[PDB]
Amino acid sequence: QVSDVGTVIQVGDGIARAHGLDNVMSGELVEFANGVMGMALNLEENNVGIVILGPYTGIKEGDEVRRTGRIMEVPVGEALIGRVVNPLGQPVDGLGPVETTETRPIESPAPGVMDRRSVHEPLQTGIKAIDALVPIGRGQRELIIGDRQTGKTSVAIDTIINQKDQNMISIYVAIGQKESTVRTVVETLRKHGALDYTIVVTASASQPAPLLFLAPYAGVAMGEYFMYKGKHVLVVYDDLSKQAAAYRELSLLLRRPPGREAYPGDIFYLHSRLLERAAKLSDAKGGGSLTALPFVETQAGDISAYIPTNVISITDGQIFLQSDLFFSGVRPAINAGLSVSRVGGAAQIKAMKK
Amino acid sequence: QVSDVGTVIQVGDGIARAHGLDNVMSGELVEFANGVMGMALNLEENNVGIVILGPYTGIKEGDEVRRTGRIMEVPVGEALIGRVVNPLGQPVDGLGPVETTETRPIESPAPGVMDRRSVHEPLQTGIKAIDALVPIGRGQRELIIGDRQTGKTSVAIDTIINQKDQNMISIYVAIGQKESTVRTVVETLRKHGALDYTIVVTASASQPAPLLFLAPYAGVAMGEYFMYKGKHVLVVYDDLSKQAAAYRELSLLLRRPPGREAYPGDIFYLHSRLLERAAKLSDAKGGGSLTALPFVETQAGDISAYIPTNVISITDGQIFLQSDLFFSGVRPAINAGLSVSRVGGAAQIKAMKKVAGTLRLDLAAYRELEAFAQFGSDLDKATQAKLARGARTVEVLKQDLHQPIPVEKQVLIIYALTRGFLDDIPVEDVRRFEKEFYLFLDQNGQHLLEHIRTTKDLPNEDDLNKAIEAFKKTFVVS
Amino acid sequence: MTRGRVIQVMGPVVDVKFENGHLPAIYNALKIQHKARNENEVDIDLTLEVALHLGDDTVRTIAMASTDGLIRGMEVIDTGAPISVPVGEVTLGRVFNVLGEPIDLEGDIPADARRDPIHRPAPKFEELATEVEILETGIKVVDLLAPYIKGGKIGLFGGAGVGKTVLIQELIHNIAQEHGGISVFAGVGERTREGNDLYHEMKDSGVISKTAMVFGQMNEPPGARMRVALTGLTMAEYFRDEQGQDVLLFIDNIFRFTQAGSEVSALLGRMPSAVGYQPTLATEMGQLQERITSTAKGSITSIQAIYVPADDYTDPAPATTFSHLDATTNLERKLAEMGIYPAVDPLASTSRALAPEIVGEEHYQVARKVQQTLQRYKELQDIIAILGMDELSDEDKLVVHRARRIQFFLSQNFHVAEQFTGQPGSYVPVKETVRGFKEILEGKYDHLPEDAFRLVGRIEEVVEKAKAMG
Amino acid sequence: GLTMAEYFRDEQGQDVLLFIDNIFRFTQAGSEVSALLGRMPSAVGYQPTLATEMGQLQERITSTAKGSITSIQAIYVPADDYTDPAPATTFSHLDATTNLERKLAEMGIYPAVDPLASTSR
Amino acid sequence: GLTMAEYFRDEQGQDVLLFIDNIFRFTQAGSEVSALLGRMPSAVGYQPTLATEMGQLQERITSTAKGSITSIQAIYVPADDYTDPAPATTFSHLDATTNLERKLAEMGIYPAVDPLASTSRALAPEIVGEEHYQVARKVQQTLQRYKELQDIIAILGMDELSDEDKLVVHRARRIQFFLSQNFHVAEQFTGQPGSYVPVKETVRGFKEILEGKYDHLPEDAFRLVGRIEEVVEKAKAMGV
Amino acid sequence: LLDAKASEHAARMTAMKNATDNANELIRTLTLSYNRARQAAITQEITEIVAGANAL
Ligand SMILES: Nc1ncnc2c1ncn2[C@@H]1O[C@H](COP(=O)(O)OP(=O)(O)OP(=O)(O)O)[C@@H](O)[C@H]1O
Ligand SMILES: Nc1ncnc2c1ncn2[C@@H]1O[C@H](COP(=O)(O)OP(=O)(O)OP(=O)(O)O)[C@@H](O)[C@H]1O
Ligand SMILES: Nc1ncnc2c1ncn2[C@@H]1O[C@H](COP(=O)(O)OP(=O)(O)OP(=O)(O)O)[C@@H](O)[C@H]1O
Ligand SMILES: [Mg+2]
Ligand SMILES: [Mg+2]
Ligand SMILES: [Mg+2]
């Protein structure tokens, strides 16, 4: 009983500390009496540190915490296509429950060196500038970087819409975005019929920091299910800057010493662990692929900031959207000088190369 | 047994930790065994953090502390007028006891939003630049900010002296100043007769930090007694930066969490709480008013620091004193470009409001073209006239120490400058022109001065035009 | 029993100890009401908000008023709910503080009136509106060049004395007259004398009867200044949800809310972030801004004044504030001194709604043509100042002739401006504005005098004014 | 040194000179020793009691009825940053400044006091 | 990897090439681990033992009497800040350094090596020869003068410069463009085969450029060119 | 000669205008650099103060 039941000692700012839970394992899911889920983060000598994945106002000192016996997991399956869910996989659009059968862990190892293959298949975004100057291949990681209101979301929406006639599954992950914008994005995707092959994962700005921190991992875990079956998946992270800020907040609530710009030391590892999971699998593993399009928001066009340089050193190229070109009516405002595709070129068709 | 008696556990740097004192209040005043007084700030689970209001050398571990049951308060009354006291109300001038018969707490709520009235009464500082470009009204609080040795104390002394013939009560609070400077300032005030309506509160740099922390609250507590009786009070704070430093020291010695520049989290709350007690009461409350002039000292003109930004955000206006202007010979060195008064206009008489509009535009036009003056002819049709007008304007606004000017003479000289009567006078003779014009107005212009005083409006145009022409007939250019 | 006990007092932070198994929830309101037993005590009437559970049945709270006079051992009463403020028709025309107690001298609200908590989760995803629609304000400049979205956030910028208060009053009047909605004003960190002046300006303009005002003064503790915006938001949310109308919410300065949050976080002892702000800056801003949305029943749209520290637009607080804005309105002193009120800058103001998918093709084309004409007129300023009017080509003369009339037609006579000029004022629908500007662009009114287009309203009224001038 | 000068000021009524070669070192030593005593750090690492110590040292140098002590203090500004807290708190007590320039010394002008940089209250 | 290299260096006395792809990640991982171990943070959040750990790693990579190890290490500079403690402390362990700059890359000059920040202990008259040393020093002097003239060029333009400075700028542009080269690896990006240039050819080409032999050629003919004769060929193909 | 003098004056005017514009652009970029440096300095100072406080 006591080995599977705990008691809360401290609650504050989405962080809880519990007594008991002797048999709990690191990274396990725990459930409060209120029904809110939590993740076991630190296993100290006499107490367990728990990160609350939801509203913490209903949790009070002395409440009961019980084990679930499962490492961090999200439901996966084809029944999740066309739905809007939170990072925990719970339906949000209000169309009823999701009848999934399988689950995948949040944290998974990336494919090894010998499990990969060189990218050789084009990803047609339907945008002349991208398809001509900065080609994107299946299995590539391409960064989209620009200032506020430079058309970053429109490029991703058009790319998702263009995949209607191609054997591609799209996943759109919105981190820290306004709920109204996500609602309108879902409406236009429904209007263009993209919901037949699209999964939407949302964690708005009003949500607590842990959900924003966990959302991209949930998205990539959902994508891997199709990726390892031999299919092709496209994943869009609408803002990695919001995730970085949420993780910085979470780390500083735990009193970890910060580095430059108050970011923690493992801020690079946070993004690298997520972005290393996108790959083009070899023929021995089914030949599936996963394509990632992370987003980064700059301040006054400064590409030398900490987070932009961290992300640039991970991906296989970047597309730079310039604010003045956007204001002068040039849309999309792709800066040809700063945009580059390392993996591209080999992905383009022969006609486009000429 | 420890309900009203305590025992000292730790002593150091003016901070004492006491065991017991179960029934002590937050902010209560306590007494040590040797007679030194204290204030209880930190009420913890098993000990009390006491800030010592005197020499702590005589306090040892194990000494007994007794509580008095009184919230911190200061004596108030008319007996304080013309005397120098410490923040505790104890006289320091050596002229004997103070016969006050009542007290009020240093911490009291500010008047509500419905107890106030819009500011509409001018406060004449006697300085042409302030009275013309940055007017100050009764009930307004205005910030004076500048570097070291720029003339802030001179402005405060002049505006205190100018209140002789007005029903005004002045309170001067010196925080962290040298005692010699305070002695000289008190002597100057006595010499000019301003001591008949002035109260001086002093807390020098050698005093313990809590006295510097508490001095401004003693000042407002003394002022509010006259405020709520229906009178008008002026309060001058010589340094709020030193108050902030003392409060930071106290907070750090009590091991409270620090913020930006090691200041505590409630540093903004302290200044806002102090400065919101100045107000213009409504007619239902008796019509009294209290106006404040806090001072902030910057380092090398850096107004981007924490405390300067907080005080700028709190107050209703700023007056910037520039070190380079002072070095250049422009004194009292008020920078009209950066200085601003949000209450301006409503705090001026009709004549000054009429005449200041042209002066503002002329000075603004001159300041931008001043960088191009050394290259001679740029456009002789307009620019040369602008440069001469601006130079004469700058010459007019200069003023000497301890010589306040009545508002009517300021209005007349500004009218003469703006209407072009000085366009032919050489720049080097403007000061003597003004000095002789004041004497000429005293000798022959009594009717104009009386009309301005009675009606607060400009006289008939032809009358003062003829007066200025008659004076110019007698003036000789050197 | 649910009775607490004070154990620590350190400035605005108070720690309360409860019985085991009866701790109050986070954000609950606690009441301390103590009458002095003897001469060595002081009466206390204070409210606390629960912030953290420290363990050992101890709760850390922040005070909403002065903590002087507190004694360890005083009993604390748990209300069992967050701070609750009155809602309904009773709040119209009144002035409240953060606790919801009326500040004006008109008496207190009856104890049986309905009250709602100021802490609430944001509306769910399925409850939001699926279509974007324009809020018609009746102001030509706003309706043409910077449309307002129902449920959106609008940032207001401008110098002192340009007429922001008059614009706010006109917006309130127009919305109340035409859409039937109301307005709520939230004075976050407002100077007391300026608050009194604003109250009297609302009173004498006749618009106070259709608005509810909530003030948080600068002399209040940081905890109080942080929660006043939530009180105003709750008052607006009642009218959005229970009556299904469109509501305006005005925030005096959101930067003061941000700095109050930073001060509270510093008091609680959290480690700072970025350039010194609280680690929860984005979370708090999102929690405030996400409740201002459009739902199936009604909508709330907000006009917010934003202060930029050190003129740095990359500062974390301005950045996280701009992350939520949908439109921007800039007021220029040059247009004010030129005499064309409301003096909204036609080129600096921008809006996300100015797209053909939202406002229509003809509206977008007319707006773009007007912007191009004004840009050309601005470019021609130096040439016409130096080379002279004669040197300008025929096309330059024509565009100057058209642009002067276009600029003058952007001016409008406000209803609340009658107290300054005696002119009644007018309300102009968006279709009339578009048609009038299109007709002006076609040269249909090139023969009319340029000064007849000033402070006019519709396009027929300029013809009437020209006929009156002869 | 100050207590040696105070005897001559008080018991004999003389006017004496007190020279301090580097007043900055006093604050520097205070900051060095404050950390080991268990005090929390100030803005840029100095002691929280900087102003109090400086004032307690400086206010003993005053003119009285019996006599006077006047002090000439040489001040070192680290990296010529006048916004540093120690020079900032030191400058608030000064009444006059004397600036020596090598340019005047090279020209044969002694005592080579800068006429424009030196100011007095 | 170092242990595997050390075996070949010591037990067999053979010459070893050692490539390390990013040695900064070792320090970064140490910094990530340091906080949980209980150590108090250093200046920029790094571990207190940064220098000791990096020295313990670096000192094992050396050539001894029994064998030789030559190592090429790529070092990441966070946020392009060369004053960051990790890049700053690793400078003292190297015999030759190559400093890449984002500005040169944005100018289209590859490999974007900074010609003044890069240093080597081998640049001595008795090691590379007198002519090589003189040519290199003259090139560096001209580049330094061109860097000095940057503010004047940016504000007042080239018109106010003297005749000597104009020639300095003229030759400095050619020298800067000639330092760029076409790589064999880069052929996948641009389709240009690339070239291999011997040291003597480079010295002769830069000596000829310093003498003004090619002052009449356009500066665009010097980009990504290889040998000096290819500059003439490109200029001729461009129509000069 | 008269034509040459007029052209010389016009050319000098244009050159000075261009120089002023270049200086304004340089100031515009330096302001952004200054803001970044200011934010970094404030962050470093506050982090050092908090670390020193936590060390006790
Ligand atoms: N090609 C285009 N043509 C016309 N309008 C466009 C185009 N691309 C984007 N826009 C418009 O530009 C605006 C901003 O674009 P978008 O929202 O995609 O940018 P963003 O960088 O994601 O913005 P935010 O920071 O607000 O999330 C929208 O009104 C959108 O309709
Ligand atoms: N209007 C004035 N005309 C001439 N001299 C002036 C004027 N105002 C001030 N001064 C002189 O300027 C010097 C400094 O003035 P003051 O004492 O008021 O400065 P402060 O800004 O209060 O500086 P601090 O208190 O830091 O010494 C004194 O020598 C004083 O005589
Ligand atoms: N539409 C208008 N018609 C006529 N006068 C106007 C108009 N708008 C503003 N004004 C004038 O502007 C002044 C009022 O400005 P207002 O108080 O609204 O500006 P503000 O920027 O909010 O000011 P403050 O910062 O002092 O509160 C009056 O002189 C009024 O006559
Ligand atoms: Mg977007
Ligand atoms: Mg002074
Ligand atoms: Mg106003």
# chains A, B, ... in the order shown; residues from 1 in each chain; ligands from 1
$ residues_near_ligand --ligand "ligand 6" --cutoff "9 Å" --atoms "only C-alpha atoms and all ligand atoms" --output "ChimeraX atom specification"
/C:160-166,194,197-198
$ select_by_dssp --residues "region 121-162 of chain A" --states "strand (DSSP E or B)" --output "list in words"
residues 122, 137, 141, 143, 144, 145 and 146 of chain A
$ interface_residues --of "chain B" --to "chain C" --cutoff "8 Å" --atoms "only C-alpha atoms" --output "ChimeraX atom specification"
/B:22-28,41-45,68-71,112-114,116-118,257-260,264-266,269,272-273,276,279,304,314
$ write_last_selection --atoms "C-alpha atoms" --output "JSON list (two decimals), in the first residue's frame"
[["chain", "number", "residue", "atom", "x", "y", "z"],
["B", 22, "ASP", "CA", 5.25, 36.92, 21.88],
["B", 23, "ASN", "CA", 2.77, 39.82, 21.85],
["B", 24, "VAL", "CA", 4.93, 42.35, 20.00],
["B", 25, "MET", "CA", 3.34, 43.98, 16.96],
["B", 26, "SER", "CA", 4.83, 44.31, 13.50],
["B", 27, "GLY", "CA", 6.53, 47.69, 13.40],
["B", 28, "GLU", "CA", 6.27, 48.13, 17.17],
["B", 41, "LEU", "CA", 10.54, 44.46, 11.62],
["B", 42, "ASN", "CA", 10.97, 40.68, 11.28],
["B", 43, "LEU", "CA", 8.49, 38.55, 13.22],
["B", 44, "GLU", "CA", 9.71, 34.99, 12.75],
["B", 45, "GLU", "CA", 8.64, 31.66, 14.20],
["B", 68, "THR", "CA", 6.41, 49.52, 24.70],
["B", 69, "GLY", "CA", 3.13, 48.63, 22.99],
["B", 70, "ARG", "CA", 3.23, 51.70, 20.72],
["B", 71, "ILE", "CA", 3.44, 51.75, 16.94],
["B", 112, "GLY", "CA", -8.67, 58.43, -1.03],
["B", 113, "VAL", "CA", -9.32, 59.18, -4.68],
["B", 114, "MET", "CA", -12.65, 60.81, -3.77],
["B", 116, "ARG", "CA", -8.98, 64.94, -3.53],
["B", 117, "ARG", "CA", -9.46, 67.91, -5.85],
["B", 118, "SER", "CA", -7.74, 68.81, -9.11],
["B", 257, "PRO", "CA", 15.65, 37.88, -0.59],
["B", 258, "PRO", "CA", 17.33, 40.42, -2.87],
["B", 259, "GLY", "CA", 16.27, 41.75, -6.25],
["B", 260, "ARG", "CA", 17.82, 43.90, -8.96],
["B", 264, "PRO", "CA", 14.44, 44.26, -1.86],
["B", 265, "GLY", "CA", 11.26, 43.39, -3.70],
["B", 266, "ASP", "CA", 9.23, 46.14, -2.02],
["B", 269, "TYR", "CA", 6.30, 50.10, -2.72],
["B", 272, "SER", "CA", 5.09, 54.95, -3.80],
["B", 273, "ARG", "CA", 3.73, 54.74, -0.25],
["B", 276, "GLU", "CA", 1.19, 59.15, -2.50],
["B", 279, "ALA", "CA", -2.45, 65.55, -2.22],
["B", 304, "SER", "CA", 18.44, 54.45, -16.44],
["B", 314, "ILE", "CA", 5.90, 57.64, -9.56]]
$ residues_near_ligand --ligand "ligand 1" --cutoff "8 Å" --atoms "only C-alpha atoms and all ligand atoms" --output "list in words"
residues 146, 147, 148, 149, 150, 151, 152, 153, 154, 155, 177, 297, 331 and 332 of chain A; 323, 324, 352, 353, 354 and 355 of chain C
$ residues_around --residues "residue 444 (chain C)" --least-positions-apart "6" --cutoff "12 Å" --atoms "only C-alpha atoms" --output "ChimeraX atom specification"
/C:402,405,435-438,459,463
$ residues_near_ligand --ligand "ligand 3" --cutoff "9 Å" --atoms "only C-alpha atoms and all ligand atoms" --output "PyMOL selection string"
(chain B and resi 342-343) or (chain C and resi 158-170+194+197-198+201+331+336+339-343+411-421)
$ closest_atom_pairs --of "chain F" --to "chain E" --cutoff "12 Å" --atoms "only C-alpha atoms" --output "Markdown table"
| residue | atom | partner | partner_atom | distance |
| --- | --- | --- | --- | --- |
| F:12 | CA | E:159 | CA | 11.7 |
| F:14 | CA | E:156 | CA | 11.8 |
| F:15 | CA | E:156 | CA | 8.1 |
| F:16 | CA | E:156 | CA | 8.5 |
| F:17 | CA | E:156 | CA | 10.5 |
| F:18 | CA | E:156 | CA | 8.4 |
| F:19 | CA | E:155 | CA | 5.6 |
| F:20 | CA | E:155 | CA | 8.2 |
| F:21 | CA | E:155 | CA | 8.9 |
| F:22 | CA | E:155 | CA | 5.8 |
| F:23 | CA | E:155 | CA | 6.4 |
| F:24 | CA | E:155 | CA | 9.9 |
| F:25 | CA | E:155 | CA | 9.9 |
| F:26 | CA | E:155 | CA | 8.7 |
| F:27 | CA | E:155 | CA | 11.5 |
| F:40 | CA | E:44 | CA | 11.5 |
| F:41 | CA | E:44 | CA | 12.0 |
| F:43 | CA | E:44 | CA | 10.7 |
| F:44 | CA | E:44 | CA | 8.1 |
| F:45 | CA | E:43 | CA | 10.7 |
| F:47 | CA | E:44 | CA | 9.2 |
| F:48 | CA | E:43 | CA | 7.9 |
| F:49 | CA | E:43 | CA | 11.6 |
| F:50 | CA | E:41 | CA | 11.3 |
| F:51 | CA | E:41 | CA | 7.8 |
| F:52 | CA | E:40 | CA | 9.9 |
| F:53 | CA | E:40 | CA | 11.9 |
| F:54 | CA | E:40 | CA | 9.5 |
| F:55 | CA | E:40 | CA | 7.7 |
| F:56 | CA | E:40 | CA | 11.2 |
